[PDB]
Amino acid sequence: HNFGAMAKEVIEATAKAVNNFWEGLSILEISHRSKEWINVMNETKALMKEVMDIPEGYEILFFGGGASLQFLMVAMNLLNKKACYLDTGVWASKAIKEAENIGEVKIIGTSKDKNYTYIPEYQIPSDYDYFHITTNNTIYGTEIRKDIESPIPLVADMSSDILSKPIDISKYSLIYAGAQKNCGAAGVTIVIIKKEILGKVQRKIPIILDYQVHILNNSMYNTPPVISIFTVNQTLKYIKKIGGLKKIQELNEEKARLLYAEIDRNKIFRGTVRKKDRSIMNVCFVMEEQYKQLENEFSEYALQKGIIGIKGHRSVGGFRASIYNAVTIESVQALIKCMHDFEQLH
């Protein structure tokens, strides 16, 4: 019924563009070498600059594949001697592992000890090539709050929180996001990168994995993921129309605030995650121990009521409500009402 929604303006625009993008030609059949497309590339780049307040010295790239390709690219392009990572979840852990296959990694802090229910403390050593974080840990519902000011280059996987709120881009040397959550449709990954960090690795880098080759060719070194890039272009237009990332944040903060209040009020349920590290985007909650056996009964009940895709990833069990930008206040209230009624029957 409702739970991975994309804004409707963006769906309609995309469909329109499939029927007729330019002069009768479908967006699926135009050349990516044509000027019509190059213009979209550049406007999308200018839109992301505007909407996110990207300063000078940062390049914007679009890659096919996902955040996982970037786990590798980050390491191959910046890990010369050694790099450090914060282990806050499945995605953080998968980044760390890919990087370890390339060279030396120090894990400077982890919350693996308590099923990643919290964000650990850490001291950033000043002699590593870069420091990599995962800002929203999608599976465990933790996010990072502290304004991070790294003495070395700061790399961040924002797959699950890019375009949910404004950020200070200048604090980061490289930001990336698989784009299927907020931000766009499956098939594209965004990379925003402070060019001056490249060129400092003695290892050879394959051409297709070399950020410089991509920068020099404005992300069309080879065929880019046109339609997914288009959906990013529209999503940026909609965020601007509706008054920017300040506003997007307020609506999200609210949606999360209601849902966490319901979780905490309701005796059937409890949030898994420490209050202070609670993510605004992925809201994880399990059955109270007393009602543990009702877990499956409630899934079926939510499904009967038209709520879909709130099952947690396996490792945590319980539930996870992913409150992406395009999920409405109304879809959140119907969850709350489903949870409330579940409590009142028991």
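Numbers follow the displayed sequence, beginning with 1.
Stretches compared: 114-122, 67-75. Higher mean C-alpha B-factor in the entry: 114-122. Averaged over Cα atoms, the B-factor as recorded in the entry is higher for 140-148 than for the other of 140-148 and 78-86. For the set 52, 281, 41, 61, the PDB entry assigns the largest Cα B-factor to 52. Per the deposited record, the Cα B-factor of residue 320 falls in the middle third when ranked against the other modelled residues of its chain.
Looking at the C-alpha B-factors along this chain, the one for residue 299 belongs to the highest third. When all modelled residues of the chain are sorted by CA temperature factor, residue 178 is found within the lowest third. The deposited CA B-factor of residue 290 belongs to the highest third of values across its chain. Sorting the modelled residues of the chain by their CA temperature factor places residue 204 in the highest third.
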